[PDB]
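Reading through the structure tokens given below for one structure.
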């Protein structure tokens with residue numbers, strides 16, 4: 002089963018049948035720690051599912067602003085109908101981690118889990134509005150904060166997810182909290198530390214470090230606007 | 002009513018959420034609506050996108066099994087394959103029930121669709140007793156269309172292009188495809208121009224089609 | 361836009457061109473990076496004779512498919528200036544990074560070399576030192592025109637001695653691995689390309705084809726996927 006589940010997952014991944022990946026990996030997670039490679043598949047799977055569920059939402063929202073008419077009914081209904089799909093998708097991954105994140109402490114595994122928990126809240130926060138968004142925004146900042154603490158103390162700057170976590174924390178502050186310096190200071194701190202760490206000898210850390218770090222400067226540059 | 006559906010379809014098309022387009026376009030056509038080029042185009046684009054990804058997936062899926075848990079690979083193929091048939095058989099029923107009676113470019117394209125969608129279905133195969144209907148569909152459409160639109164028209168060339176690739180991909184008999192392909196080139200090259212910009216791509220495609228079939 | 365996320449006259453007076461940081465060495469000497477209305481490349492009695500002899504041969508090139516020479520320098524030291532090439536040599540691409548080249552481009556790499564050498568040959572320019580360490584993939588694979619790669623008779633140059641080296645290019649293009677073991681040739685190589693590589697290793701030096709024949713041969717062989730009609734047009 003688990004082997005086959007991974008196999009169905011790995012094969013469905015090849016099939017890009019991400020819709021099916023969600024059902025397989027959810028059921029996989031339901032068994033309750036998730037191994038490294040096995041954990042990776044879930045993140046990419048739901049991210050791809052949410053991706054389609056987010057890019058569409060983005061274009062349709064723009065279209066609504068552009069729409070100004074009968075279109076307002078169709079657009080708003082459609083936007084709402086796509087929002088309820090992602091939120092159920094959101095509550096699902098949240099429910100899975102809410103249950104199976106607990107078996108985690111391997112500190113980076115716990116670190117990985119909190120990062121994952123914070124990210125989807127932002128997706129949820131984008132589609133929500135008003136007080137509904139406030140409730141999730143609160144949980145989101147707290148999740149990144151708790152993640153940042155353990156990641157900062159227990160994970161060295163060569164760890165790729167430590168850098169990616171800071172990136173997610175910073176993009177949330179910039180995109181919603183609208184405080185570029187609050188995001189820039191932390192993100193650049195990792196960046197400054199990561200470039201110092203570029204001197205490390207390990208090839209994989211080096212490979213993963215150069216791959217991720219490229220986003221940081223133009224991102225901060227884009228945030229100068 | 003249909004206008005509401007047309008709008009929704011227009012939305013799902015660009016938002017990369019093709020599943021909604023088919024259901025909405027189905028409601029318009031099942032009501033008995035008459036489709037103009039852009040009206041049918043949306044329908045054509047909706048189902049063509051929807052079926053291509055699964056079939057391409059099957060191509061991916063069906064290739065890994067060749068590399069041979076083992077049963078599971080075949081089983082997964084059968085699932086997408088099973089779904090791939092159902093999702094297209096819906097269109098055949100709709101075509102047969104409503105789009106066939108629809109009534112010359114209209115019939116040409118709808119007849120074209122029958123063979124087209126039938127091609128996508130039969131290739132999944137049984138096959139011996141299936142493919143001939145697409146052959147029949149294409150022959151009728153080509154025979155009827157030959158007198159209605161000039162070869163430069165992209166529908167005819169698109170029809171001819173599919174009609175040509177059909178013999179090669181359905182049973183690997185390149186002799187008719189290559190002859191068919193070149194047969195249209197000179198009358199198309201000889202020349207209404209609003210969509211000729213599109214015609215040149217199909218023309219180029221057929222020439223490029225011709226380029227591979229040389230081997 | 362919005363923030364991204366985690367995806368998972450040919451004499452140039454001295455002083456006009458800024459010669460910057462030293463990058464490396466070529467077949468002989470030192471190659472430096474430079475600036476003049478964009479990036480430029482600068483290559484630094493025996494010294495003067497070697498410079499004029501190499502410069503004089505290089506001075507005959509005026510074509511888009513050859514590493515573009517731009518000028519020469521006498522101050523503070525004798526320097527030969529060409530345009531800058533960004534990337535790595537064919538050897539580095541093929542042997543340290545395992546560069547993933549498209550088949551059409553692999554055939555095209557052969558096409559550009561014969562065109563450049565034919566042009567050079569029309570100007571009576573003998574290459575004498577063709578090899579993967581001397582072949583830079585400029586920008587999007589644009590071709591700009616040895617102990618292990620120098621032909622047995624050369625290692632005395634003639635049209636056929638230079639051709640032998642291009643024969644080795646066919647080997648490198650089809651095998652991709654360090655020596676050469678021809679068994680590494682790719683499975684999808686067109687038979688005509690497969691045979692030409694084998695032909696290039698023929699024992700008789702005078703049996704090698706002329707550059708007009710190679711270019712014409714590449715034009716003929718170059719002709720060597727079918728699919729369904731694309732979605733109809735919409736704005």
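Residue numbers (the entry's author numbering), protein chains in the order written: chain C, 2 to 33, 35 to 70, 73 to 109, 111 to 230; chain B, 2 to 69, 75 to 109, 112 to 133, 137 to 202, 207 to 230; chain A, 361 to 368, 449 to 484, 492 to 592, 616 to 625, 632 to 655, 676 to 720, 726 to 736. Even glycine gets a Cβ: it sits at the ideal position worked out from N, Cα and C.
Which residues, taken in chain order from the stretch 73-106 of chain C, show a beta carbon closer than 8 Å to some beta carbon of chain B?
-> Residues passing the 8 Å Cβ filter: 74, 75, 78, 79, 82 and 86.
8 Å Cβ cutoff, residue 224 of chain C in contact with chain A | Taking the first residue of the first chain as 1, we reach residue 224 of chain C at position 219. It does; some Cβ of chain A falls within 8 Å.
Beta bridge counterpart(s) of residue 527 of chain A as assigned by DSSP = In the third chain, residue 527 of chain A corresponds to position 80, counting from 1. Looking at the DSSP output, residue 527 of chain A sits in a beta bridge with A:483 and A:519.
Could you have a look at residue 125 of chain C and say whether DSSP puts it in helix, strand or coil?
-> Locating residue 125 of chain C in the first chain gives position 120, where the first residue counts as 1. Here residue 125 of chain C sits in helix by DSSP.
Look at the Cβ atom of residue 526 of chain A, then the Cβ atom of residue 714 of chain A, and state whether they are nearer than 8 Å.
-> Here residue 526 of chain A refers to the residue found at position 79 of the third chain. Here residue 714 of chain A refers to the residue found at position 218 of the third chain. For residue 526 of chain A and residue 714 of chain A, no; Cβs fall outside 8 Å.
In terms of alpha-carbon separation, which member of B:46, B:57, B:94 and B:170 lies closest to residue 153 of chain B?
-> Reading the second chain from its first residue, position 142 is the one you call residue 153 of chain B. Comparing Cα-Cα distances from residue 153 of chain B to each of B:46, B:57, B:94 and B:170, the minimum goes to B:170.
With DSSP collapsed to three states, give me the class of residue 542 of chain A.
-> Counting from one through the third chain, the residue named residue 542 of chain A turns up at place 95. Residue 542 of chain A: helix per DSSP, three-state reduction.
Range covered by the beta strand (DSSP E) that runs through residue 464 of chain A | Residue numbering aside, residue 464 of chain A sits at position 24 when the third chain is read from its first letter. Run containing residue 464 of chain A: 458-464, per the beta strand (DSSP E) assignment.
Can you give me the start and stop residues for the beta strand (DSSP E) that residue 435 of chain A sits inside?
-> Position 368 is followed directly by 449 in chain A, which means residue 435 of chain A is not present among the coordinates.
Give a yes or no on whether the minimum CB-CB distance between residue 9 of chain B and chain D is below 8 Å.
-> Considering every chain present, this structure includes no chain D. Its protein chains are C, B and A.
Residue 705 of chain A versus A:648, A:564 and A:687, residue with shortest Cα-Cα distance = Reading the third chain from its first residue, position 209 is the one you call residue 705 of chain A. Here the closest residue by C-alpha is A:564.
Assuming residue 499 of chain A contacts residue 572 of chain A (C-beta within less than 8 Å), just tell me the rounded distance between them.
-> As a position in the third chain, residue 499 of chain A is number 52, starting the count at 1. As a position in the third chain, residue 572 of chain A is number 125, starting the count at 1. Wrong, their Cβ atoms sit about 16 Å apart, outside the cutoff.
Does any CB atom of chain A fall closer than 8 Å to the CB of residue 14 of chain C?
-> Here the question's residue 14 of chain C lines up with position 13 in the first chain. No, residue 14 of chain C lies away from the interface with chain A (no Cβ there is under 8 Å from its Cβ).
Name the chain B residues whose beta carbon is nearer than 8 Å to that of residue 62 of chain C?
-> Stepping through the first chain from its first residue, residue 62 of chain C is reached at position 60. Residues of chain B with a Cβ closer than 8 Å to the Cβ of residue 62 of chain C are, in chain order, 12 and 16.
Of all the residues that make up the stretch 34-63 of chain B, which are near chain C by a beta-carbon distance shorter than 7 Å?
-> Residues passing the 7 Å Cβ filter: 58, 61 and 62.
Nearest-angstrom Cβ-Cβ length linking residue 696 of chain A and residue 640 of chain A, presumed shorter than 8 Å = Sequence index remark: in the third chain, residue 696 of chain A carries index 200 (1-based). Sequence index remark: in the third chain, residue 640 of chain A carries index 164 (1-based). At roughly 7 Å, the Cβ-Cβ gap stays under 8 Å, so residue 696 of chain A and residue 640 of chain A are in contact.
Please report how far the alpha carbon of residue 454 of chain A lies from the alpha carbon of residue 534 of chain A, in whole angstroms.
-> Residue 454 of chain A sits at position 14 when you count from the first residue of the third chain. Residue 534 of chain A sits at position 87 when you count from the first residue of the third chain. A direct Cα-to-Cα measurement between residue 454 of chain A and residue 534 of chain A gives close to 27 Å.
Can you find at least 3 beta carbon pairs, one from the stretch 178-198 of chain C and one from the stretch 213-227 of chain C, that sit closer than 8 Å?
-> Result yes; three or more Cβ-Cβ pairs closer than 8 Å.
Check the C-beta distance from residue 633 of chain A over to residue 682 of chain A and give it rounded, since I have them as a contact under 8 Å.
-> The count along the third chain starts at 1 and reaches residue 633 of chain A at position 157. The count along the third chain starts at 1 and reaches residue 682 of chain A at position 186. So it is not a contact: roughly 31 Å between Cβ atoms.
How about residue 100 of chain B and residue 126 of chain B: are their beta carbons less than 8 Å apart?
-> In the second chain, residue 100 of chain B corresponds to position 94, counting from 1. In the second chain, residue 126 of chain B corresponds to position 118, counting from 1. Contact: no.
Contact with chain A by residue 169 of chain C, beta-carbon distance below 8 Å = Residue 169 of chain C sits at position 164 when you count from the first residue of the first chain. Taking 8 Å as the threshold, the shortest C-beta distance from residue 169 of chain C to chain A falls below it.
At least three beta-carbon pairs within less than 8 Å, the stretch 36-52 of chain B to the stretch 14-26 of chain B | By the Cβ test, the stretch 36-52 of chain B is in contact with the stretch 14-26 of chain B, since at least three Cβ pairs between them sit closer than 8 Å.
Whose C-beta lies closer than 7 Å to the C-beta of residue 114 of chain C among residues of the same chain, with five residues either side of it excluded?
-> Your numbering for residue 114 of chain C matches position 109 in the first chain. Cβ within range, chain order: 35.
Assigned exposure category for residue 141 of chain C - 16 Cβ within 10 Å defines buried = Taking the first chain and counting its residues from 1, one reaches residue 141 of chain C at position 136. Residue burial is scored here from C-beta neighbours: residue 141 of chain C has at least 16 other C-beta atoms within 10 angstroms and is therefore classed as buried.
In chain A, which residues lie less than 8 Å from residue 213 of chain B when you measure between Cβ atoms?
-> Working through the second chain from its first residue, we reach residue 213 of chain B at position 198. Proximity of chain A to residue 213 of chain B at the Cβ level (cut-off 8 Å) is accounted for by 733 and 734, in chain order.
Reducing DSSP to helix, strand and coil, say where residue 654 of chain A ends up.
-> As a first step, residue 654 of chain A is located in the third chain; it is residue number 178 there, counting from the start. It is coil, neither helix nor strand.
In the stretch 174-198 of chain C, which residues sit with their C-beta less than 7 Å from some C-beta in chain A, listed in chain order?
-> The stretch 174-198 of chain C vs chain A, Cβ under 7 Å: 176, 179 and 180.
Do residue 105 of chain C and residue 118 of chain C have their C-beta atoms closer together than 8 Å?
-> Indexing the first chain from 1 puts residue 105 of chain C at position 101. Indexing the first chain from 1 puts residue 118 of chain C at position 113. Yes, the pair counts as a contact, with Cβ atoms nearer than the cut-off.
By how many angstroms is the C-alpha of residue 733 of chain A removed from the C-alpha of residue 42 of chain B?
-> For the purposes of this step, residue 42 of chain B is taken as the residue at position 41 of the second chain. For the purposes of this step, residue 733 of chain A is taken as the residue at position 232 of the third chain. Our two residues, residue 42 of chain B and residue 733 of chain A, have alpha carbons roughly 7 Å apart in a direct line.
Three-state secondary structure (DSSP) at residue 553 of chain A?
-> As a first step, residue 553 of chain A must be located in the third chain, where it is residue number 106. If DSSP states are grouped into helix, strand and coil, residue 553 of chain A belongs with the helices.
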